[PDB]
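Protein chains in written order, with the entry's author numbering: chain R, 12 to 282, 584 to 754; chain S, 57 to 83, 94 to 111; chain T, 200 to 265.
Where is the CB? At the ideal position from N, CA and C, for every residue including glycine.
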Amino acid sequence: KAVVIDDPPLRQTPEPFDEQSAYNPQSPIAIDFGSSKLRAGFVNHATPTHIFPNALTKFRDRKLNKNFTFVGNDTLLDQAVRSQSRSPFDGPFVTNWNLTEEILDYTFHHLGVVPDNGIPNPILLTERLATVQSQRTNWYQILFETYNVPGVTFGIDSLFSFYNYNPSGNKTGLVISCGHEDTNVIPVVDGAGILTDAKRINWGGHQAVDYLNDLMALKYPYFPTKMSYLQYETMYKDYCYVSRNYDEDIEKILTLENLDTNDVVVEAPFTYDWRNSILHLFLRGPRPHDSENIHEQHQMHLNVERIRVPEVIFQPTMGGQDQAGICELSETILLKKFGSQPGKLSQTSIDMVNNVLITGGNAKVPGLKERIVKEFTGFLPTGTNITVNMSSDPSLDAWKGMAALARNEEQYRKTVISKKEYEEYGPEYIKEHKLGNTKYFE
Amino acid sequence: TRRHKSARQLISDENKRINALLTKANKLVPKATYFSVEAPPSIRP
Amino acid sequence: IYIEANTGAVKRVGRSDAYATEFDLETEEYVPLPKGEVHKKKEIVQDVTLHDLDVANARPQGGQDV
Numbered sequence: 012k013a014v015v016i017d018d019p020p021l022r023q024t025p026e027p028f029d030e031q032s033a034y035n036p037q038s039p040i041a042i043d044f045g046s047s048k049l050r051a052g053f054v055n056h057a058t059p060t061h062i063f064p065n066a067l068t069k070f071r072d073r074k075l076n077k078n079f080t081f082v083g084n085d086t087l088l089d090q091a092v093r094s095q096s097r098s099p100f101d102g103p104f105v106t107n108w109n110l111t112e113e114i115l116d117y118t119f120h121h122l123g124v125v126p127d128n129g130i131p132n133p134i135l136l137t138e139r140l141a142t143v144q145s146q147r148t149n150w151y152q153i154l155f156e157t158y159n160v161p162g163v164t165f166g167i168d169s170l171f172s173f174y175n176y177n178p179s180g181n182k183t184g185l186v187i188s189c190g191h192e193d194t195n196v197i198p199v200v201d202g203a204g205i206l207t208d209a210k211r212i213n214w215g216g217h218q219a220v221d222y223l224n225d226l227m228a229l230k231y232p233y234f235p236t237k238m239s240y241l242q243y244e245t246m247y248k249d250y251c252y253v254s255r256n257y258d259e260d261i262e263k264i265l266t267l268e269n270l271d272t273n274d275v276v277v278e279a280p281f282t584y585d586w587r588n589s590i591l592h593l594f595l596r597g598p599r600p601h602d603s604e605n606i607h608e609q610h611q612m613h614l615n616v617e618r619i620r621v622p623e624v625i626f627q628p629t630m631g632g633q634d635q636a637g638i639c640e641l642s643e644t645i646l647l648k649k650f651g652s653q654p655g656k657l658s659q660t661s662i663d664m665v666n667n668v669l670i671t672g673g674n675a676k677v678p679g680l681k682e683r684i685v686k687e688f689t690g691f692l693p694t695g696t697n698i699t700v701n702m703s704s705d706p707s708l709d710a711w712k713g714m715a716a717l718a719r720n721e722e723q724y725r726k727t728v729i730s731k732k733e734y735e736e737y738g739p740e741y742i743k744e745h746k747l748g749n750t751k752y753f754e
Numbered sequence: 057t058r059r060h061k062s063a064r065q066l067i068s069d070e071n072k073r074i075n076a077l078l079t080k081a082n083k094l095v096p097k098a099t100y101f102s103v104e105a106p107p108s109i110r111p
Numbered sequence: 200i201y202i203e204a205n206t207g208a209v210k211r212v213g214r215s216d217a218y219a220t221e222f223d224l225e226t227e228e229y230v231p232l233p234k235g236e237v238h239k240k241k242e243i244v245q246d247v248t249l250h251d252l253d254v255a256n257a258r259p260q261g262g263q264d265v
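Dropping the structure here:
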């Protein structure tokens, strides 16, 4: 078998800008303020019009007033402008406000919306679960006394995806979302998320790429070239899958017959027997090491532990967080809450088992659904029908969620927080609608 | 001219707000905050 | 564990590997979870003789069950 090489750089988009001047002054605007991808579009369209990496930069250019290529896909023309392109999103919260104003101004330019006072359209926001009150007050500020939006409402994007795949609005289910920086498990009864019993794991997919960076740097402390973080996402989203059973795989993952098909070798760009030695199998794979070759110094020999990176959402103790995995959280939800005991299931628990949805940008790792359904049938009673639902692309289905909430008129008008209600009630106010957040107390 | 607030102290001054509210109320079980949403540690080894 | 429904015999196979890391070293024998179903039923035939039933209930010192 001839050993192949894998160059990881990602290409540059040559056409960044596309917008239309014709627009509807009464149709609302649906935007998903994702940690990884900004999504933008109208209401009448089924698919989101604009997909962006939610990042912006401040390019300093001499003799042209030092302010160019600010927001969006314009950073994707050159690697130099994409290098310092600062996504303002921290772990839980975005950080800078003028940056987010520039994101909103750029995307409002990209629907061709003309001024009419501030903005003549209602907005459709996505809000993270258990949001800090200061964030929601400053969100109220940056809509109302910044853009003059008449209609604001926001909710959990996983609940939006559940409403998208269950448009009836009164179904019972369990949604397991894995976002860029956060994963959570939320039970929905009668269309209403019982956030009181929802749980959260602080891993997401950003910490998975950070874990791969830390692993592959600790494996090779003397690597010649600096491995870029974008290339870490690139070779994470390509060679990482979830095993069916993690316990019996790691005792097989470094055998000689398994290394022929499991191991893929990546190549970084530039310009005493080894068979009995399992350190040679771990470091240099099923091929003998040529220490004089300039390729083998740059050979980024991954895939020996490609199972370890996506498994950590089931065992968060390998990631450093002392939290029970989504398997244990689903077990506690389906076997200890809503009147259900270990041994007999309530009807709500059976309906929740019969409708399980997984979504998010980190859900497109292969082997997730089979592992989820095998682990679910591990602890559930025999004969209980388990249905796990998946999307073709589970990252942008939340946008279809607020689109489906926008098509429904009477379900739109329950959740609308207006300017007048904000003015009489102050910025400390939460509409306890079912498709979103709730009060901190009773 | 709001300051460049980081993601660290926002959790702790929410926590300060929650203790201020519960000490001014008890002299009130929370429903869904950023801390009650947190997953408990696992019970199996 | 192992339970026979008709006889009533209980046999402890041993601790599962889900609890194999409670301690680094212990006298427990860690056996895997059964891959099949919990409940398994089948038909068998018992071929005995009359002498077997004769010596089954003619013991000067009993205790063949234990």
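Original post:
For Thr-226 (chain T), which three-state DSSP category applies?
Top reply: Position 27 of the third sequence, counting from 1, holds the residue named residue 226 (chain T). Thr-226 (chain T) carries a coil assignment under DSSP once its states are collapsed to helix, strand and coil.
**OP:** Could you tell me the boundaries of the beta strand (DSSP E) in which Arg-50 (chain R) lies?
**Re:** Within the first sequence, numbered from 1, the residue matching residue 50 (chain R) stands at position 39. Taken as a continuous stretch (DSSP letters only), the beta strand (DSSP E) holding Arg-50 (chain R) covers 49–52.
Original post:
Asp-634 (chain R) versus chain S: which residues are under 7 Å apart at the beta carbon?
Top reply: Translated into the one-based positions of the first sequence, residue 634 (chain R) becomes position 322. Near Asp-634 (chain R) (Cβ distances below 7 Å), the residues of chain S are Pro-107.
Original post:
Looking at the unbroken alpha helix (DSSP H) that takes in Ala-57 (chain R), where does it start and where does it end?
Top reply: Mapped onto the first sequence, residue 57 (chain R) falls at position 46. Counting along the chain, no alpha helix (DSSP H) covers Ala-57 (chain R), and no H or E run does either.
**OP:** Pick out the complete alpha helix (DSSP H) segments inside the segment 123–205 of chain R, 4 residues or longer, and give them in chain order.
**Re:** The segment 123–205 of chain R contains these whole alpha helix (DSSP H) runs: 144–158, 168–176.
Original post:
Between the segment 122–147 of chain R and chain S, which residues of the former have CB atoms less than 9 Å from a CB of the latter, in chain order?
Top reply: Using a CB distance below 9 Å, the part of the segment 122–147 of chain R facing chain S consists of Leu-140, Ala-141, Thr-142, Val-143, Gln-144, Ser-145, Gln-146, ordered along the chain.
Subject >> Neighbourhood of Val-163 (chain R) by C-beta distance below 7 Å, restricted to the same chain and skipping five residues each side >> reply: The residue labelled residue 163 (chain R) in the question sits at position 152 within the first sequence. If you ignore the 5 residues before and after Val-163 (chain R), its C-beta comes within less than 7 Å of the C-beta of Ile-134, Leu-136, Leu-154, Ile-729, all in its own chain and listed in chain order.
Original post:
Under 9 Å Cβ-Cβ, which residues of chain S neighbour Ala-217 (chain T)?
Top reply: Working through the third sequence from its first residue, we reach residue 217 (chain T) at position 18. Near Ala-217 (chain T) (Cβ distances below 9 Å), the residues of chain S are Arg-110, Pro-111.
Subject >> Residue-chain proximity (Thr-220 (chain T), chain C), Cβ-Cβ < 8 Å >> reply: Chain labels in this structure do not include chain C; the protein chains are R, S and T.
**OP:** For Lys-751 (chain R), return the contacting residues in chain S, with the cut-off set at a CB-CB distance below 7 Å.
**Re:** If you number the first sequence from 1, residue 751 (chain R) lands on position 439. Simply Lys-97.
Original post:
Within 8 Å (strictly less), CB to CB, does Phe-155 (chain R) reach chain S?
Top reply: Within the first sequence, numbered from 1, the residue matching residue 155 (chain R) stands at position 144. With 8 Å as the cut-off, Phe-155 (chain R) does not count as an interface residue toward chain S.
Original post:
Cβ of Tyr-250 (chain R) within 8 Å of Cβ of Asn-224 (chain R)?
Top reply: One-based indexing of the first sequence puts residue 250 (chain R) at position 239. One-based indexing of the first sequence puts residue 224 (chain R) at position 213. Contact annotation: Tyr-250 (chain R) and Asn-224 (chain R) have beta-carbon atoms that are not nearer than 8 Å.
Subject >> Below-8 Å beta-carbon distance, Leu-647 (chain R) vs any chain S residue >> reply: Counting from one through the first sequence, the residue named residue 647 (chain R) turns up at place 335. With respect to chain S, the C-beta atom of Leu-647 (chain R) has no partner C-beta closer than 8 Å.
Original post:
From which residue to which residue does the alpha helix (DSSP H) around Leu-747 (chain R) run?
Top reply: Sequence index remark: in the first sequence, residue 747 (chain R) carries index 435 (1-based). That residue, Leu-747 (chain R), is in no alpha helix (DSSP H); it is neither H nor E in DSSP.
Original post:
Three-state secondary structure (DSSP) at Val-254 (chain T)?
Top reply: Numbered from 1 along the third sequence, position 55 holds the residue referred to as residue 254 (chain T). Reduced to three states, the DSSP call for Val-254 (chain T) is helix.
**OP:** Pick helix, strand or coil for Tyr-201 (chain T), following the three-state DSSP scheme.
**Re:** Residue numbering aside, residue 201 (chain T) sits at position 2 when the third sequence is read from its first letter. Strand, per DSSP.
**OP:** Would you give the residue range spanned by the beta strand (DSSP E) that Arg-596 (chain R) belongs to?
**Re:** Numbered from its first residue, the first sequence carries residue 596 (chain R) at position 284. No beta strand (DSSP E) holds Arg-596 (chain R); the alpha helix (DSSP H) holding it covers 590–596.
Subject >> Within 7 Å of chain S by C-beta, residues of the segment 89–123 of chain R in sequence order >> reply: Of all residues in the segment 89–123 of chain R, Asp-101, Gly-102, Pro-103, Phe-104, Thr-106, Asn-107, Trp-108 have a Cβ within less than 7 Å of some Cβ in chain S.
Original post:
How many Å lie between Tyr-222 (chain R) and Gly-216 (chain R) at the Cα?
Top reply: The sequence position of residue 222 (chain R) within the first sequence is 211, counting from 1. The sequence position of residue 216 (chain R) within the first sequence is 205, counting from 1. Looking at the two C-alpha atoms, the distance is approximately 10 Å.
Original post:
Taking 8 Å as the CB-CB cut-off, is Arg-58 (chain S) touching chain R?
Top reply: Counting from one through the second sequence, the residue named residue 58 (chain S) turns up at place 2. At least one chain R Cβ lies under 8 Å of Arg-58 (chain S).
Subject >> Strand pairing of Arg-214 (chain T), partner residues [DSSP] >> reply: Reading the third sequence from its first residue, position 15 is the one you call residue 214 (chain T). DSSP output for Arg-214 (chain T) lists T:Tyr-229 as bridge partner(s).
Original post:
So who's on the other strand from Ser-730 (chain R), going by DSSP bridges?
Top reply: By 1-based counting over the first sequence, the position of residue 730 (chain R) is 418. For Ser-730 (chain R), which the question treats as bridged, DSSP gives the partners R:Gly-162.
Subject >> Distance, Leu-226 (chain R) Cα to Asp-602 (chain R) Cα >> reply: Translated into the one-based positions of the first sequence, residue 602 (chain R) becomes position 290. Translated into the one-based positions of the first sequence, residue 226 (chain R) becomes position 215. Approximately 23 Å between the Cα atoms of the pair.
**OP:** Can you have a look at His-191 (chain R) and say buried or exposed, based on whether 16 or more other CB atoms are within 10 angstroms of its CB?
**Re:** Start at 1 with the first residue of the first sequence, and residue 191 (chain R) comes out as number 180. Under this definition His-191 (chain R) is a buried residue.
**OP:** Taking C-beta pairs closer than 9 Å, name the residues in chain S that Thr-164 (chain R) reaches, listed in chain order.
**Re:** Residue numbering aside, residue 164 (chain R) sits at position 153 when the first sequence is read from its first letter. Here the premise fails: no neighbours, minimum Cβ distance about 18 Å.
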